[PDB]
């Protein structure tokens, strides 16, 4: 009976999106974004913690002047389930007024919290607000919200990796995998 050190791959049912697929797509989106933001320096924002790996790869493949920033938010309880209103833990380091804001996200599902942030930025007089998401789960929507750039449309699979976690782990996987039912059931 061979026993060895636990590896994350042992918890993965299958690879939904490979690292190779991801890099191919990041290269595509970054080129499109560079073209679309040619003239101005936008503020590319990521909401911690999920967006980090994608935002990092995407922006280095986006050949244009831009500024990066980040926000941290937390839930107010069941009221973060109605309008998506969240508690701001860390706001942007610079003002939104007159800026072209690009929100970089790992996945859009219910669309609630991203919807709340987009309109908060429009309230703060952003010149524009657009969203680029690596993954999109359209059947999950609880409010209408269409991302401006989408890497992949995914079905209702329990996904982890490339920013996506299960109990704060797995975010470091270089691919998006489907977690075996055993691990979370």
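Positions refer to the first chain, counted from 1.
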Query raised in the report: Once you work out the mean C-alpha B-factor for both 91 to 99 and 78 to 86 from the entry, which is higher?
Result: 78 to 86
Report task. Comparing against every modelled residue in the chain, figure out the third that the C-alpha B-factor of residue 119 lands in (lowest, middle or highest). Result -> lowest
Report task. Report the third (lowest, middle or highest) to which the CA temperature factor of residue 64 belongs, ranking only the modelled residues of the same chain. Result -> middle
Report task. Would you mind checking where the Cα B-factor of residue 23 ranks among the modelled residues of its chain, as the lowest, middle or highest third? Result -> highest
Query raised in the report: Sorting the chain's CA B-factors, does residue 46 end up in the lowest, middle or highest third?
Result: highest
Query raised in the report: Relative to the other modelled residues in the chain, which third contains the C-alpha temperature factor of residue 141: lowest, middle or highest?
Result: lowest
